[PDB]
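3D, please:
(one chain, ligands or ions: 1)
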Amino acid sequence: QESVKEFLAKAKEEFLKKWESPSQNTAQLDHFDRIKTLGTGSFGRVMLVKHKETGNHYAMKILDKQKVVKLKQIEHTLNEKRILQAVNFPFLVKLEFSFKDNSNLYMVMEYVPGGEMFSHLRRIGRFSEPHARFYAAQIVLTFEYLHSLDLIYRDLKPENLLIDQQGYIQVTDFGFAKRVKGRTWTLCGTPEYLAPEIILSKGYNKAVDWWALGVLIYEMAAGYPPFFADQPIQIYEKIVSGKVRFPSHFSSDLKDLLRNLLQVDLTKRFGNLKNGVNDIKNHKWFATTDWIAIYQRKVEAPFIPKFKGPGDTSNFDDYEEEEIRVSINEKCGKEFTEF
Ligand SMILES: O[C@H]1CN[C@H](c2nc(-c3cnccn3)no2)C1
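Numbering: from 1, shown residues only. Provided below are the atomic coordinates:
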């Protein structure tokens with residue numbers, strides 16, 4: 001374990017150097033051709049773009065400054081970019097460039113053509129336990145890394161887990177990620193994945209990411225989430241009750257791990273005890289997992305996504321194509337000075 005301790009100490013040193021001196025202004029919009037919209041929301045979208053001189057493909061996240069302000073996301077967007085430019089781990093998407101202009105903020109990431117885990121899960125129905133375990137092990141290692149840097153992730157769900165050309169996970173969307181040493185208070189995350197202490201408006205901590213891992217493992221292995229209901233208020237009532245029903249096809253070891261991750265009392269939840277992540281890594285459900293081989297990407301993946309090359313968009317769906325407009329006047333300059 002000294003080897004793991006020394007790995008995490010170096011990881012934190014390298015993170016802090018970039019965190020204290022963030023990169024800024026490393027590309028500009030007219031260096032890229034726009035290809036296709038890959039998803040869209042209330043203040044932002046992600047496009048496929050191509051760099052004009054190198055020919056490389058990238059995923060460009062575009063945030064409208066005025067809409068970020070109106071929806072009270074200023075601090076969250078500044079967190080997202082400052083964290084992404086400072087992290088480095090095999091299962092995190094890489095930020096390659098960032099910049100801003102009179103109207104928008106831009107984060108240019110590597111493009112992962114294999115698509116969302118969500119699409120693959122919904123197409124096949126559910127994953128076998130070994131398939132769900134391969135992905136879960138990558139999330140355990142990624143959360144061990146992030147939490148040792150004092151980062152909470154706060155947006156785990158199948159749509160944020162991309163499948164790469166080797167069949168491994170790349171986590172994207174750091175819009176709710178935050179550097180936290182103790183407690184934090186903001187209501188954020190998708191309803192089915194929220195821990196009880198978020199729903200109850202408490203000061204909460206990194207144990208909310210371990211709760212969300214329990215929801216993800218359940219949904220991968222069942223094909224639906226554990227607290228499912230028609231509207232959010234009914235979902236929240238089931239979460240806080242914490243009453244969970246498991247399919248009979250679940251192994252006994254899977255049920256035991258999920259009862260310990262989906263523990264309503266945060267002071268009793270796996271990942272948040274004296275032994276930290278090691279209660280999860282040493283659980284019987286993970287007995288066949290070679291943690292070093294997963295980190296080194298030496299395990300054969302269960303599934304390789306079908307795609308034709310680094311520009312193929314067939315694993316993403318279709319959205320109305322809107323302009324990328326840039327005002328002749330600067331908007332919200334003061335709010336986004338540090339970006
Ligand atoms: O609307 C949200 C959900 N789906 C969108 C999306 N994100 C990406 C992607 C691809 N490669 C690297 C990073 N992000 N593709 O689609 C974003």
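
CA atoms for contacts and neighbours, from now on please.
Noted.

now the strands for the stretch 151-300 of the chain?
Taking DSSP state E, counting those that start in this stretch, the strands of the stretch 151-300 of the chain run over residues 151-152, 161-163, 169-171, 178-179.

In JSON lines, list those strands along with distance to residue 249.
Listed next are the strands of the stretch 151-300 of the chain as JSON lines, based on distance: least, Cα to Cα, whole Å:
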{"stretch": "strand 151-152", "distance to residue 249": "32"}
{"stretch": "strand 161-163", "distance to residue 249": "25"}
{"stretch": "strand 169-171", "distance to residue 249": "25"}
{"stretch": "strand 178-179", "distance to residue 249": "37"}
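
Flag every buried residue along stretch 275-283.
Buried residues in stretch 275-283, counted by 16 or more other Cα atoms under 10 Å: 277, 279, 280, 281.

can you check stretch 294-309 too?
By neighbour count on 16+ other Cα under 10 Å, the buried set for stretch 294-309 is 294, 295, 297, 299.

Can you tell me which of these is nearest the ligand?
Nearest to the ligand, judged by Cα to the nearest ligand atom, of the buried residues of stretch 294-309 is residue 297 at 19.1 Å.

ok, residue 222 - how many residues close by?
When neighbours are defined as other Cα atoms under 10 Å, residue 222 has 20 of them.

Pretty sure it sits against residue 247.
Yes: assessed by Cα atoms under 8 Å, residue 222 is found in contact with residue 247 at 7.1 Å.

shared neighbours of these two, anything?
Common neighbours of residue 222 and residue 247, using Cα atoms under 8 Å, 6 or more residues apart in numbering, do not exist here.

Which of the strands of the stretch 151-300 of the chain sits closest to the ligand?
Of all these, it is strand 161-163 that lies closest to the ligand, at 7.0 Å by Cα to the nearest ligand atom.

residues in contact with the closest one?
For strand 161-163, using Cα under 8 Å, 6+ apart, the contacting residues are 112, 113, 114, 115, 116, 117, 118, 169, 170, 171, 172, 305.

Then stretch 117-125?
With contacts defined as Cα under 8 Å, 6+ apart, stretch 117-125 is touched by 127, 158, 159, 160, 161, 162, 163, 220, 223, 315.

and that stretch, which residues are buried?
117, 118, 119, 120, 121.

do stretch 174-192 as well
So for stretch 174-192, counting by 16+ other Cα under 10 Å, buried means 174, 175, 176, 177, 178, 179, 184, 189, 191, 192.

For the fifth one, list each beta-bridge partner.
Read it as residue 178. Counting by DSSP bridges, residue 178 is bridged to residue 152.

Pretty sure residue 62 sits in a strand.
Yes: the assignment for residue 62 by DSSP: H, G, I helix; E, B strand; the rest coil puts it in a strand.

need the contact list for it.
Contacts of residue 62 (Cα under 8 Å, 6+ apart): 44, 45, 46, 47, 104, 105, 106, 107.

What is the burial count for residue 5?
Residues near residue 5, counting by other Cα under 10 Å: 10.
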